[PDB]
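Just the one chain here, laid out as structure tokens, in the form deposited in one PDB entry.
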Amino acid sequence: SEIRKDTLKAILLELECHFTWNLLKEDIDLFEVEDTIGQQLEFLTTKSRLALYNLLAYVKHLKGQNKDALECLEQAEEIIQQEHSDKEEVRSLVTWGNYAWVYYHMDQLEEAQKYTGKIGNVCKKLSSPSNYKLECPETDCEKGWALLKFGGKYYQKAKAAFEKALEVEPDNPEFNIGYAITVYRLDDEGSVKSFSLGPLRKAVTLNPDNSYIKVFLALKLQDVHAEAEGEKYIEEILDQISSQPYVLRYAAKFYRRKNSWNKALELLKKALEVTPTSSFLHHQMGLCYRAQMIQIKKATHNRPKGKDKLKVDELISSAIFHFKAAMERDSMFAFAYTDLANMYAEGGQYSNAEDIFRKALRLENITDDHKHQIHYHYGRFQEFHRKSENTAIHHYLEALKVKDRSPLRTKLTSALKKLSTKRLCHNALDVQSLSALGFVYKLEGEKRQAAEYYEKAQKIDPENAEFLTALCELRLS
């Protein structure tokens, strides 16, 4: 019955939970997010298993695994009850909201209504101004963490949620970690900012035994050239994090940026032992082997000999090994494809690089951010290794069409201008170059120039709908 489904949905949309926080599937890699959450659940890396299971349940649903989502929600409930709180009904509202939505998506309307009913009863008892929700700092915090996990498009929204929570309890240890991590994420080659330094120090003060927050402080301290103070925090946590793969990968980053490669690898290996299925961790190892090789090549002016040549060959093979192991564990782990392809290209293995790039260019269910970077890297490969300028222009353009504002924007528009201008010097009637320039100048706001270029392209190709559309938009002035 579409009638009954829609009246229930009116109610489900009034709940506060993951299904009403606008957390879009298209903005994440579900397998990577699922891996990340799993790693955070390991060996009490967090004091917040409840939020993690609620989020994991939402992610399972997004992967089309509603039965597994129910299992996470059952684990969520057990964490609530086992706590024997006088506030177990209020603490249960997000978990109940997720239950209602999941049962709704499984076409179990009667079950969904049991949960909306329970949510309604609590809100009524507590005299909430809303029928189906109850304002609470804790829920703001949980929303904060969910937003944070969905990535860069949500960082400002996450910051707002944590600030809402902090408004009620400014010295809450948990809200402060969430706030400080968000500002850390917003601080992020830049140049790197240090707006997070204050909030991170505060969060560490409020959470003296927390390895998770300490490692971010160490990283930030490293960023502002206080590596020595940062290493003291790293040394403080090392014994506590030996079975905590999520924190280990950040401590390993700390050592990698110091060029302490064996230290970084020792930690990443500990991490892979807790979670051997992690694409993320394999890729991090590959980056670490690659960084070492680049450093050796520099120190030997690109001509390594002897034990250095030997080391370089081993590092290259080890890097390839881990990039492939990453791809094997998540066919959607796009960073592994491009880093692998770029390595083959650098070693002159063009067929191999092309094989990898073609797989990457055909991945469908990956974020626009990843497609954008894949197009960029393929464009660079075409420009500098194939020397195929038209093919490069095609992919630089696709990169911009997928994502027009990113740290790659300046590089993309500069390359498009250069190759298009060069081409137009040879053939004033090259349609691809004319329209590339029209696209770039429109994107930059140079509307007269953009119209001039598109008008030339259209006169040569009169029925091209893209040129007609771009021109219609420009004529709006």
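Shifts are known only where both forms have a C-alpha. Take the two forms, superpose them, and find the largest set of C-alpha atoms that agree within 1.5 Å; that set is the rigid core. Each residue number is its position in the shown sequence, starting from 1.
Counting the unmodelled positions of the deposited sequence between residue 188 and residue 189 gives a small gap of 1 to 3 residues.
Relative to its counterpart among 344-352 and 103-111, 103-111 has the higher mean temperature factor, C-alpha atoms as listed in the PDB entry. The PDB entry records a higher mean C-alpha B factor for 73-81 than for its counterpart among 73-81 and 179-187. When the C-alpha B-factors of 207, 128, 240, 92 are ranked from the entry, the top spot goes to 128. Comparing C-alpha B-factors across 196, 365, 211, 373 in the deposited entry, the largest value falls on 365. The PDB entry assigns residue 404 a C-alpha temperature factor belonging to the highest third of its chain's modelled residues. Among all modelled residues in this chain, the alpha-carbon of residue 38 has a temperature factor (C-alpha) in the lowest third. Among the modelled residues of its chain, residue 298 has a C-alpha B-factor that falls in the highest third, as given in the PDB entry. Sort the modelled residues of the chain by CA B factor and residue 121 lands in the highest third.
Annotation for residue 274: C-alpha temperature factor in the lowest third relative to the rest of the modelled chain, per the entry.
Below, we turn to the form deposited in another entry, even though it does not appear here.
The residue among 424, 443, 41, 30 whose Cα moves by 2 angstroms or more between the shown form and the other one, once the core is superposed, is 424. Between the C-alpha atoms of residue 182 and residue 45, a gap widened by no less than 3 Å is obtained in the other entry, as opposed to the form on display. Put simply, residue 256 and residue 47 spread apart in the other entry: their C-alpha atoms are 3 Å or more farther than in the form shown.
Under a 2 Å criterion for C-alpha shift, the consecutive stretches of 3+ residues that differ between the shown form and the other one after core superposition lie at 45-48, 424-429, 459-463.
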